[PDB]
Amino acid sequence: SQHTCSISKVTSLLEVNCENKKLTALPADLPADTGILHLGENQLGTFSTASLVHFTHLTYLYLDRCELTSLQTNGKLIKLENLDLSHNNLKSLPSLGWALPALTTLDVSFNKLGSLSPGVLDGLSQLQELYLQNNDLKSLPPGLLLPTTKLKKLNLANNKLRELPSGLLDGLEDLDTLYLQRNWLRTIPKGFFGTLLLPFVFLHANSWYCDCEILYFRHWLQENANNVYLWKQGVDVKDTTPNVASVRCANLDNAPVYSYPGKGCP
């Protein structure tokens, strides 16, 4: 029948699926009570949140695979909890927190982000999950995660990170999963993990340099052998065994960092 999108409602939210419909623009005739909007596999190019301010039930918004080159956060989406911008061409992000106060899940994976601005996450006090994997990030700003105290999952894998801010994780007591595999990391700064307990941490495929400055990390690794994992496609970390040996000294023929003797270190 005639509406381009498929409209249904299995949960408490009216669900509108406009995926893969050769769209160039947002539909003009979306239902007023749209709660979940699927817009993936279209050719939107750009997206401004001002276009959805009048859908007062909108809670899930999927803009994945939309050819996006930019995002404007000029309209406030009061109820939005889940925003998916993955598999697009974003090179920068605007400030998100004024527009997206209720957000709990942000996915900006598979984009081309080269950096993040200082207060991009300011005001996202409810954020629980942040997916940034498969971008071009070279460093992260100081205080990035200070607005997001309830963060539970952080995925920074498959970027170009050269170093990490010393205080990146400070105070993130609910953080349970951390993915840093596939970066250009050579060391971990003293105090990086604090007294945080992180049951699922992935640190492999970096180029750790084993010398006297890797000793904070070696100790942490020994103490958290039970919490370091090898990422395995399509398999939930809960069905995998820990593998502390996955973390290796690139300058010592990939011998594991956990067993690095530190010979002749003060």
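Residue numbers count from 1 along this sequence. Side-chain atoms are counted along with the backbone in the values below, which use heavy atoms only and exclude waters and symmetry mates.
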Residues in disulfide bond (SG atoms under 2.5 Å apart) contact with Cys66, at least two apart in sequence or another chain: none
Heavy-atom closest pair, residues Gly119 and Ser95: O-OG, 4.3 Å
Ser48/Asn74 under side-chain hydrogen bond (donor to acceptor under 3.5 Å, both in side chains): CA gap, chis, key distance, verdict: CA-CA 7 Å; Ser48 166; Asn74 57 346; 2.4 Å; yes
Residue pairs fulfilling disulfide bond (SG atoms under 2.5 Å apart) with at least one residue in residues 76-145, sequence neighbours excluded: none
Result block: side-chain N/O donor-acceptor pairs under 3.5 angstrom for residues 122-133, not counting sequence neighbours:
| from | atom 1 | to | atom 2 | distance (Å) |
| --- | --- | --- | --- | --- |
| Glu129 | OE1 | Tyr131 | OH | 2.4 |
| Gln133 | OE1 | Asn155 | ND2 | 3.4 |

Donor on one side chain, acceptor on other, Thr49 and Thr73, under 3.5 Å: no
From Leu203 atom CG to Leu230 atom CG, the distance as rounded to the nearest 0.5 Å: 11.5 Å
Other residues, nucleotides, ligands: >12 heavy atoms within 6.0 Å of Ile7 CD1: yes
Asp107, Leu83, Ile36 screened by side chain to side chain contact (heavy atoms under 4.5 Å, CB included) with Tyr62, the one that passes: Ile36
Distance in Å, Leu39 CG paired with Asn42 CG, rounded so as to fall on 0.5 Å steps: 6.5 Å
Residues forming a side chain to side chain contact (heavy atoms under 4.5 Å, CB included) with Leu215, sequence neighbours excluded: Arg218, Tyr260, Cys265
Results of salt bridge (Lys or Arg N to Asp or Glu O under 4.0 Å) for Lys160 - residues two or more places apart only: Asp136
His87-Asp64 side chain donor-acceptor pair, cut-off 3.5 Å: no
Closest non-hydrogen atom pair between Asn183 and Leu161, with its separation: OD1-N, 3.1 Å
Single-linkage hydrophobic cluster, 4.5 Å side-chain cutoff, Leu52 and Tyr60 together: no
Heavy atoms from other residues, nucleotides or ligands near NZ of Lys79 exceed 12 (cutoff 6.0 Å): no
Within 6.0 Å of OH in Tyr209, more than 12 heavy atoms from elsewhere: no
Please tabulate, for the side chains in residues 10-26, all donor-acceptor contacts under 3.5 angstrom to protein atoms that are two or more places apart in sequence or on a different chain.
| from | atom 1 | to | atom 2 | distance (Å) |
| --- | --- | --- | --- | --- |
| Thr11 | OG1 | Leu13 | N | 3.1 |
| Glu15 | OE2 | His38 | NE2 | 3.3 |
| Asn17 | OD1 | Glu19 | N | 3.0 |

For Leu68 against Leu63, the heavy-atom pair lying closest together: CD2-O, 3.7 Å
Nearest-0.5 Å distance, OG1 of residue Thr34 to CG of residue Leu61: 10.5 Å
Value rounded to 0.5 Å, distance of SG in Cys210 from OH in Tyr258: 12.5 Å
From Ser139 atom OG to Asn159 atom CG, the distance as rounded to the nearest 0.5 Å: 10.5 Å
Residues forming a side chain to side chain contact (heavy atoms under 4.5 Å, CB included) with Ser92, sequence neighbours excluded: none
Joint cluster assignment, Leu77 & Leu121, ILVMFWY side-chain distance < 4.5 Å: yes
Whether over 12 other heavy atoms sit under 6.0 Å from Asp253 CG: no
Under the ring-ring contact (aromatic ring centres under 6.0 Å, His included) test, residues paired with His204 that sit two or more places apart: none
Path from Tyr179 to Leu198 over hydrophobic side-chain contacts below 4.5 Å: no
Side chain to side chain contact (heavy atoms under 4.5 Å, CB included) against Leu146, all qualifying residues, sequence neighbours excluded: none
Set of residues satisfying ring-ring contact (aromatic ring centres under 6.0 Å, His included) with respect to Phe193, sequence neighbours excluded: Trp220
Side chain to side chain contact (heavy atoms under 4.5 Å, CB included) partners for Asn89, two or more places apart: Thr69, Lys112
Point-to-point distance, once rounded to the nearest 0.5 Å, from CZ of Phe47 to OG of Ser70: 11.0 Å
Atom of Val53, atom of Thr56 and distance for their closest heavy-atom approach: O-CG2, 4.4 Å
Sequence-distant partners of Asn227, side-chain hydrogen bond (donor to acceptor under 3.5 Å, both in side chains), two or more places apart: none
